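**Q** Submitted below is the structure of interest, expressed as structure tokens.
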Amino acid sequence: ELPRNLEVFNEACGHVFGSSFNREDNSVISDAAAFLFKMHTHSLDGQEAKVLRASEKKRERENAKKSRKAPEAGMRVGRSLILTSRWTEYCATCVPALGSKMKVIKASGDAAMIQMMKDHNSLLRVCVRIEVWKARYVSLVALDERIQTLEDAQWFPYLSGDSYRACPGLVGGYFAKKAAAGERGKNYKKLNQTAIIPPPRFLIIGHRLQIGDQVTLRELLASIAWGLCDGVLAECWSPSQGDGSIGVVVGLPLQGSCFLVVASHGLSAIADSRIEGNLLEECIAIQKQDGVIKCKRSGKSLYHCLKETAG
Amino acid sequence: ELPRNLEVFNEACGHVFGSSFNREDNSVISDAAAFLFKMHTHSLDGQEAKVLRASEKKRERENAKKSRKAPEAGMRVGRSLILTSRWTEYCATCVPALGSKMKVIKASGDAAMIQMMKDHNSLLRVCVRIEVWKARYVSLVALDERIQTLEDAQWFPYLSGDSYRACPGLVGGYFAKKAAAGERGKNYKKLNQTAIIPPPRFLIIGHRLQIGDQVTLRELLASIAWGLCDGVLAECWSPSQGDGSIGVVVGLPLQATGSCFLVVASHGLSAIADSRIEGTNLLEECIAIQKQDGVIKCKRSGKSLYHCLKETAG
Amino acid sequence: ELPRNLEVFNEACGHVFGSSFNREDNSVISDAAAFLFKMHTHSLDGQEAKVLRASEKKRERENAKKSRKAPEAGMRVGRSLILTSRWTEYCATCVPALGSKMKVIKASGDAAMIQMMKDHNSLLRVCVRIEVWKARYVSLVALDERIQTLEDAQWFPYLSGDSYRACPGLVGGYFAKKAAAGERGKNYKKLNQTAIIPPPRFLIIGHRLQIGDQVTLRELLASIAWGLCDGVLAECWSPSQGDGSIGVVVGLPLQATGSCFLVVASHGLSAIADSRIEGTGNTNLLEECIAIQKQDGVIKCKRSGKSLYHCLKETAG
Amino acid sequence: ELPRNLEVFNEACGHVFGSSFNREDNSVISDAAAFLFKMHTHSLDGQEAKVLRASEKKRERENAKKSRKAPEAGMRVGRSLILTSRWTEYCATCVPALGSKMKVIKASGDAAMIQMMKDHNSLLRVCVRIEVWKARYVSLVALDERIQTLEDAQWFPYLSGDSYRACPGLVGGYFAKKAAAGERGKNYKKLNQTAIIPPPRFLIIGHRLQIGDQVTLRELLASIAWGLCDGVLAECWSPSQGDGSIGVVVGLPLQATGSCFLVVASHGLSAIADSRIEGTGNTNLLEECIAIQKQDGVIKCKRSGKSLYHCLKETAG
RNA sequence: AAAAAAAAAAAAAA
RNA sequence: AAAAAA
RNA sequence: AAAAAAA
RNA sequence: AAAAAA
């Protein structure tokens with residue numbers, strides 16, 4: 001009784017990976033989602049070439065990709081995913097032809113094509129969400145060389161254009177920078193570096209992250225934050241008996257209003273009214289089983305905190 | 001009985017919306033003004049395509065809009081506005097043709113066309129003023145995600161280039177930024193973010209906002225300010241007998257061009273962002289309010305209007 | 001025995017303004033230099049059109065200007081300057097033909113044209129200096145609205161393009177910004193906002209500003225600084241007996257030599273914005289002292305931390 | 001005896017400059033490599049004109065250059081370099097024709113032309129390395145005007161576009177800013193401002209800079225750092241017996257491995273620029289140490305917090 | 001040169 | 001969640 | 001100080 | 001207030 005969004009992803013993953021797809025390992029799920037995203041974006045070998053306005057170098061790249069032999073059954077995608085013989089049929093029948101537009105399919109009135117396009121959009125959104133979660137998980141232990149200043153970190157994650165398109169509000173990077181650093185329309189979404197993304201194992205089954213479900217410290221931190229976030233958020237996780245790298249969630253951080261006062265009527269602008277009158281003393285709000293609590297900030301990034309506490 | 005702008009706005013609104021147009025509802029007036037602005041800007045479905053210098057994407061969008069069926073009679077506008085069967089006649093008659101210019105009509109010498117063009121200009125100005133007021137009102141209890149720093153807030157509101165063209169002195173946005181960044185000639189008007197705009201229910205009637213008018217706190221604040229201004233402006237309002245929702249205006253803020261307080265580096269010295277703050281705590285600044293008895297000064301609260309409105313209601 | 005540069009300006013002003021041109025009032029000289037500069041840039045009515053690559057709107061503007069009737073004798077320029085009949089003759093005979101280039105005149109070899117072009121260049125430089133000084137003088141009591149941040153104030157004065165062309169070392173504005181926001185060649189000049197410019201009454205007669213020569217407070221301040229600069233420079237002037245708005249110069253600020261104190265990050269070290277202050281952490285900026293060259297010797301004066309504009313406004317009453 | 005790159009540079013320099021080319025003088029090699037770069041970028045008088053997309057002004061400049069007479073044999077280059085009569089032969093033979101591309105020659109299949117193009121690429125790389133090192137060596141005792149803020153100093157050195165193209169990993173300037181602001185592809189290289197460039201007299205010989213080499217202090221400092229680096233790097237030098245001017249290298253700094261010390265705002269918290277400096281508000285940034293690899297082993301030297309330009313002039317008094 | 005992330009080369013190159 | 005869309 | 005040289 | 005004008 002899962003939503004069509006997750007059912008489409010489950011069916012696609014099954015058809016493309018046979019029994020080798022394990023629905024309980026975050027790494028396997030993330031790799032499968034990335035492969036499906038690449039397949040549906042027309043980026044694999046042997047697929048159509050993006051030659052609408054491609055430059056000469058991009059022209060040659062796309063031509064080589066199209067001429068390159070497409071993947072074959074039995075290929076190892078990642079570590080524990082093996083392509084089956086049915087993957088070609090799924091790619092041919094479900095992936096929209098390059099350049100397909102929803103308006104054209106809707107005007108055509110073809111129910112099958114409309115449903116296929118809707119499923120494609122849902123799959124793209126789910127795969128992009130999984131990609132964002134995986135990037136957050138990776139960033140916990142290995143930071144990107146580009147992130148050397150607060151401005152650079154402001155646009156994390158750094159994903160591709162299609163990722164930004166499918167989920168504009170969760171994907172940072174160059175496209176989010178351009179959208180923010182440029183003219184913005186009514187349908188503009190602001191990047192949410194800490195939007196709660198359930199782990200892929202919970203995302204694909206419709207399970208919503210909450211208090212009382214077993215998870216890993218890295219898993220929860222990625223779900224609720226990324227590498228450079230404050231380490232105080234680690235208080236949201238509590239190890240179980242014997243540790244064993246598996247604990248439990250005890251709360252989730254809260255996030256909304258502003259306190260800006262624009263200079264008006266000869267007054268001087270204020271960045272924050274509360275400030276007028278303490279940075280290390282700032283506290284975060286955690287929603288516990290009993291009620292909201294305020295926890296003093298650690299002042300150390302989750303990356304540095306994990307590095308220090310590793311040994 | 002009314003100026004030309006108010007009279008033409010009332011005539012256009014009545015003709016377009018029948019009796020459904022409520023003249024005492026601010027939301028209805030704002031919706032009608034937005035619809036009229038869209039109509040006169042050829043932004044509605046089935047109107048002339050803007051293709052003079054349009055890029056391929058803009059050409060496609062305009063062609064799609066033109067091919068799309070125009071709004072049908074009886075269509076619901078906003079919440080409590082319904083189009084009449086005679087709106088198409090007014091759209092075809094009173095709307096200047098795309099690319100029309102005042103100089104061309106003046107050369108033509110047709111007095112009726114000159115009157116029509118002046119009416120169109122006045123209607124655009126009135127609609128843009130109403131749009132600015134409604135944007136301010138929305139900002140009071142609905143923060144704009146586009147604003148994250150004082151620089152972003154400096155250009156509020158963010159509206160289309162048509163709005164800036166009609167009322168450059170009241171509309172900010174990207175076009176205002178472009179105008180400010182370039183030179184500033186004699187015709188350039190600085191973006192008055194806190195210019196006094198009577199509420200739409202008063203603007204169309206022409207009753208200039210003044211002390212004693214029965215107005216809501218939110219609407220008065222929108223008229224005199226917007227979401228991200230100081231909460232001290234709330235002192236310009238006073239609930240009437242029995243509390244309720246409508247109070248009375250007790251004062252009007254004034255602004256006397258706060259002088260500069262900067263010192264550039266020279267002869268090896270170092271620049272100072274503010275001579276006073278050098279001496280970083282300063283809440284002594286006061287705002288001048290013109291009350292019936294006289295002009296007084298109120299100490300700033302230093303707290304955002306949006307914050308204060310939600311906090312005091314808890 | 002004045003230099004040819006100032007002689008040319010004096011002759012031109014006389015020819016164009018008759019006896020109405022006073023060589024002792026600074027407002028009069030500012031207006032005269034502004035008009036003459038306009039005349040030698042073909043920006044007055046009835047002069048040639050700069051149609052080399054003009055846009056449609058600029059095309060219409062210049063066409064209307066060319067068609068527009070030229071100024072007539074007896075016109076009032078400013079407040080105390082009246083044009084004469086000889087102004088048309090001087091314009092025709094001394095104004096280079098629009099688009100004239102010094103290279104072409106030199107190649108042709110005509111001595112008269114070479115001298116005329118040299119005179120025009122000198123007159124342009126003189127009029128640009130006077131315009132810049134008047135910009136600084138007006139900036140003491142009425143700041144430009146464009147000045148709201150130090151970034152904006154870094155380019156003052158904001159003058160037209162030809163002004164920047166003639167005198168690059170004093171004129172700021174969009175053109176100075178563009179030259180800086182780019183690359184510098186072998187002949188790139190650095191904007192010196194506070195370069196000393198003799199007051200116009202002293203510039204047109206060759207008198208060099210020094211100590212012991214009567215001036216007005218605002219005159220000297222515009223000469224050595226402008227509206228936003230520090231108030232300490234006010235100490236360079238001392239009122240005379242009975243005040244009377246006329247005092248005397250007691251010193252001229254000594255401009256410090258360019259010496260950056262940055263230390264960029266390297267080898268894992270951390271960037272420093274200023275070597276001097278980072279060490280002890282004395283972030284206060286109210287101790288820095290300016291150098292004033294007095295009759296006796298160099299002295300250091302503590303800064304006041306308040307703008308000359310605000311200082312004059314407050315001390316006005 | 002030498003790799004291809006150094007061999008080709010040696011051959012070209014010898015051919016063009018005869019015996020006037022001294023192989024142990026840094027200024028001589030810098031001037032020679034700059035001239036050879038000019039020749040190989042068609043920036044000398046009497047070479048093809050760059051007009052592919054050149055703007056009207058650029059078209060005029062290039063046409064004037066082409067029309068201008070080319071340098072004549074025996075012309076003085078820099079200070080102690082003189083052209084021979086056989087430089088025209090080398091310029092005509094080994095210089096690729098304007099607009100040549102490696103793909104075109106590869107399609108041609110002429111082995112001689114492929115070798116000549118590879119030699120041209122290697123000579124561009126060598127000349128750009130020498131140009132960068134001389135930029136640093138100038139910066140030690142002559143501050144560049146363009147550098148006024150840490151943002152300005154982030155992009156040193158400021159060189160031409162061809163320099164950035166040939167060696168992107170050392171050369172800054174306008175093109176480095178352009179490439180950094182835009183998309184960062186796989187081939188994108190960051191500006192390693194303080195990369196080790198052996199001194200010219202070591203670079204052409206192929207002798208890698210290491211411990212024990214007899215190097216003047218200024219040249220070593222230009223090798224490892226530049227003008228606005230911290231003075232601590234001066235500890236890598238130790239004057240030899242009898243003081244003199246030539247000392248020896250005692251170590252070679254190491255680029256400290258990255259470890260992010262930032263905390264972005266989230267869940268209502270405030271972003272922190274530096275966790276360490278935060279502490280309890282104590283901003284004492286003088287504990288940072290630079291690694292130095294000595295013969296005995298790796299050590300750490302406490303920073304001095306002063307610019308190399310300042311330190312070099314201060315210690316000479 | 002810390003079963004799987006600097007230096008030099010070859011494919012790319014205002 | 002439905003709609004729209006390099 | 002000599003040379004060069006626009007929305 | 002008026003006159004210009006994507």
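Ordering of the structure tokens sets the chain letters (A, B, ...); residue numbers start at 1 within each chain; ligands are numbered from 1 in the order shown.
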Range 76-85 of chain C: which residues within 7 Å, counting only C-alpha atoms (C1' of nucleotides), same-chain residues fewer than 5 positions away excluded, as an MDAnalysis selection string?
**A** chainID C and resid 16:18 20:21 28 31
**Q** Mind checking which residues fall within 8 Å of range 139-153 of chain D, counting only C-alpha atoms (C1' of nucleotides), ignoring those fewer than 4 positions away in the same chain, and posting them as an MDAnalysis selection string?
**A** (chainID C and resid 260 262 264 271 273) or (chainID D and resid 135 218 221:222 226:228 308:309 312:313)
**Q** Could you pull out all residues of range 26-272 of chain B with a DSSP call of strand (DSSP E or B) and give them as a short mmCIF file (atom, residue, chain, number, x, y, z; two decimals) with N, CA and C atoms, in the first residue's frame?
**A**
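The resulting file, result-v2.cif, is reproduced below:
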data_model
loop_
_atom_site.label_atom_id
_atom_site.label_comp_id
_atom_site.auth_asym_id
_atom_site.auth_seq_id
_atom_site.Cartn_x
_atom_site.Cartn_y
_atom_site.Cartn_z
N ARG B 76 -13.86 32.73 -12.15
CA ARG B 76 -13.61 33.22 -10.80
C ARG B 76 -12.23 33.86 -10.72
N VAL B 77 -12.18 35.08 -10.19
CA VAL B 77 -10.94 35.81 -9.98
C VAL B 77 -10.68 35.88 -8.48
N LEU B 81 -14.29 37.57 -6.73
CA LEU B 81 -14.36 38.38 -7.94
C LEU B 81 -14.70 37.47 -9.11
N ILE B 82 -15.70 37.86 -9.90
CA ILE B 82 -16.15 37.09 -11.05
C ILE B 82 -16.22 38.01 -12.25
N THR B 216 -7.17 48.90 10.42
CA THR B 216 -6.58 47.77 11.12
C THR B 216 -5.09 48.01 11.33
N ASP B 230 11.06 48.39 11.83
CA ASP B 230 11.05 48.37 13.29
C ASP B 230 9.63 48.32 13.82
N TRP B 237 -0.61 53.39 16.15
CA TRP B 237 -1.94 52.80 16.17
C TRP B 237 -2.44 52.71 17.60
N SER B 238 -3.76 52.68 17.74
CA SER B 238 -4.39 52.58 19.05
C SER B 238 -5.72 51.84 18.94
N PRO B 239 -5.89 50.70 19.61
CA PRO B 239 -7.17 50.00 19.54
C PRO B 239 -8.31 50.88 20.04
N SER B 240 -9.47 50.74 19.40
CA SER B 240 -10.64 51.52 19.76
C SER B 240 -11.35 50.88 20.95
N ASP B 243 -11.67 46.91 22.16
CA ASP B 243 -10.62 46.16 21.48
C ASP B 243 -11.02 45.87 20.04
N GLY B 244 -11.58 44.69 19.79
CA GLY B 244 -11.98 44.35 18.43
C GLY B 244 -10.78 44.18 17.52
N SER B 245 -10.99 44.48 16.24
CA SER B 245 -9.95 44.35 15.22
C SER B 245 -9.58 45.66 14.54
N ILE B 246 -10.46 46.66 14.55
CA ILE B 246 -10.21 47.94 13.91
C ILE B 246 -9.99 48.99 15.00
N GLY B 247 -8.88 49.71 14.89
CA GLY B 247 -8.57 50.77 15.84
C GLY B 247 -8.64 52.14 15.21
N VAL B 248 -7.62 52.96 15.45
CA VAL B 248 -7.57 54.32 14.93
C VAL B 248 -6.11 54.73 14.78
N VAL B 249 -5.85 55.60 13.80
CA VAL B 249 -4.51 56.12 13.56
C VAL B 249 -4.27 57.27 14.53
N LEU B 252 1.64 59.74 12.40
CA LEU B 252 2.23 59.44 11.09
C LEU B 252 3.74 59.65 11.18
N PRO B 253 4.56 58.66 10.84
CA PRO B 253 6.01 58.85 10.90
C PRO B 253 6.50 59.86 9.87
N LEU B 254 7.66 60.45 10.17
CA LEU B 254 8.35 61.34 9.26
C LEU B 254 9.80 60.90 9.14
N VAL B 263 33.48 58.07 7.41
CA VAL B 263 34.76 58.76 7.28
C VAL B 263 35.72 57.89 6.48
N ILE B 272 36.13 54.54 8.82
CA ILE B 272 35.22 54.30 9.93
C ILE B 272 33.83 54.08 9.36
#
**Q** What's the 9 Å shell around residue 195 in chain C, counting only C-alpha atoms (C1' of nucleotides), without same-chain residues fewer than 6 positions away, as an NGL selection string?
**A** :C and (169-170 or 223-225 or 255)
**Q** Put those residues in a file: N, CA, C and O atoms, as a compact mmCIF listing (two decimals), in the first residue's frame.
**A**
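For reference, out.txt as written:
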# COMPACT_ATOMS: atom_id res chain seq x y z
N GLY C 169 44.86 61.59 -12.91
CA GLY C 169 45.36 61.47 -11.55
C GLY C 169 44.49 62.06 -10.47
O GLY C 169 44.76 61.84 -9.29
N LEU C 170 43.44 62.79 -10.84
CA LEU C 170 42.56 63.44 -9.88
C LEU C 170 41.10 63.02 -10.02
O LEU C 170 40.37 63.04 -9.02
N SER C 223 40.39 72.05 -0.98
CA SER C 223 41.67 71.94 -1.67
C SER C 223 42.41 70.67 -1.26
O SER C 223 42.99 70.00 -2.12
N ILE C 224 42.42 70.34 0.03
CA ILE C 224 43.24 69.22 0.52
C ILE C 224 42.44 67.97 0.83
O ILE C 224 43.04 66.88 0.90
N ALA C 225 41.13 68.06 1.01
CA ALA C 225 40.32 66.90 1.34
C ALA C 225 38.93 67.15 0.80
O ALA C 225 38.70 68.11 0.06
N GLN C 255 51.14 63.48 2.63
CA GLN C 255 50.52 62.24 2.15
C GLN C 255 51.47 61.08 2.38
O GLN C 255 52.60 61.09 1.87
**Q** Residues of chain D within 10 Å of chain E, counting only C-alpha atoms (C1' of nucleotides) - could you list those as a PyMOL selection string?
**A** chain D and resi 101-103+161+165-166+174-175+178+187+255
**Q** CA of residue 32 in chain A and CA of residue 227 in chain A are how many Å apart?
**A**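 Calculated distance between CA of residue 32 in chain A and CA of residue 227 in chain A is 23.4 Å.
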**Q** Sorted by chain and rising residue number, which residues of chain D lie within 10 Å of chain A, and what are their closest atom pairs and distances in Å to one decimal, counting only C-alpha atoms, as a Markdown table?
**A**
| residue | atom | partner | partner_atom | distance |
| --- | --- | --- | --- | --- |
| D:182 | CA | A:174 | CA | 8.8 |
| D:183 | CA | A:174 | CA | 7.6 |
| D:184 | CA | A:146 | CA | 9.6 |
| D:190 | CA | A:146 | CA | 9.8 |
| D:258 | CA | A:145 | CA | 8.3 |
| D:259 | CA | A:304 | CA | 8.2 |
| D:260 | CA | A:148 | CA | 7.0 |
| D:261 | CA | A:301 | CA | 7.5 |
| D:262 | CA | A:228 | CA | 6.8 |
| D:263 | CA | A:301 | CA | 5.2 |
| D:264 | CA | A:229 | CA | 5.7 |
| D:265 | CA | A:229 | CA | 7.1 |
| D:266 | CA | A:229 | CA | 6.6 |
| D:267 | CA | A:255 | CA | 5.4 |
| D:268 | CA | A:284 | CA | 6.4 |
| D:269 | CA | A:282 | CA | 6.3 |
| D:270 | CA | A:279 | CA | 6.8 |
| D:271 | CA | A:150 | CA | 7.8 |
| D:272 | CA | A:299 | CA | 7.7 |
| D:273 | CA | A:150 | CA | 7.3 |
| D:274 | CA | A:300 | CA | 9.4 |
| D:275 | CA | A:300 | CA | 6.4 |
| D:276 | CA | A:300 | CA | 9.1 |
| D:278 | CA | A:280 | CA | 8.4 |
| D:279 | CA | A:280 | CA | 8.8 |
| D:280 | CA | A:280 | CA | 8.4 |
| D:281 | CA | A:280 | CA | 9.8 |
**Q** Could you please take those selected residues and save C-alpha atoms as a PDB file, in the first residue's frame?
**A**
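Generated output (result-v3.pdb):
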ATOM      1  CA  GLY D 182      32.811  29.928 -13.467  1.00  0.00           C
ATOM      2  CA  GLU D 183      32.311  26.188 -13.596  1.00  0.00           C
ATOM      3  CA  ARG D 184      35.081  23.974 -12.206  1.00  0.00           C
ATOM      4  CA  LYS D 190      43.573  25.789  -8.455  1.00  0.00           C
ATOM      5  CA  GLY D 258      43.575  20.735   5.024  1.00  0.00           C
ATOM      6  CA  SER D 259      41.298  20.429   8.032  1.00  0.00           C
ATOM      7  CA  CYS D 260      38.169  22.576   7.875  1.00  0.00           C
ATOM      8  CA  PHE D 261      37.655  24.818  10.913  1.00  0.00           C
ATOM      9  CA  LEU D 262      34.254  26.292  10.015  1.00  0.00           C
ATOM     10  CA  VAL D 263      30.763  25.732  11.395  1.00  0.00           C
ATOM     11  CA  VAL D 264      27.868  26.907   9.241  1.00  0.00           C
ATOM     12  CA  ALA D 265      24.699  28.227  10.839  1.00  0.00           C
ATOM     13  CA  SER D 266      21.891  25.699  11.173  1.00  0.00           C
ATOM     14  CA  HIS D 267      18.827  25.107  13.344  1.00  0.00           C
ATOM     15  CA  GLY D 268      19.014  28.677  14.625  1.00  0.00           C
ATOM     16  CA  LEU D 269      22.729  28.637  15.428  1.00  0.00           C
ATOM     17  CA  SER D 270      25.222  31.197  14.136  1.00  0.00           C
ATOM     18  CA  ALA D 271      27.988  30.481  11.652  1.00  0.00           C
ATOM     19  CA  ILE D 272      31.506  30.460  13.106  1.00  0.00           C
ATOM     20  CA  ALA D 273      34.447  31.723  11.062  1.00  0.00           C
ATOM     21  CA  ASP D 274      37.017  29.780  13.107  1.00  0.00           C
ATOM     22  CA  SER D 275      36.375  27.340  15.949  1.00  0.00           C
ATOM     23  CA  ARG D 276      39.882  27.695  17.387  1.00  0.00           C
ATOM     24  CA  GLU D 278      36.481  31.540  19.002  1.00  0.00           C
ATOM     25  CA  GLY D 279      37.550  30.061  22.339  1.00  0.00           C
ATOM     26  CA  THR D 280      36.371  32.716  24.783  1.00  0.00           C
ATOM     27  CA  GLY D 281      36.871  35.600  22.338  1.00  0.00           C
TER      28      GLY D 281
END
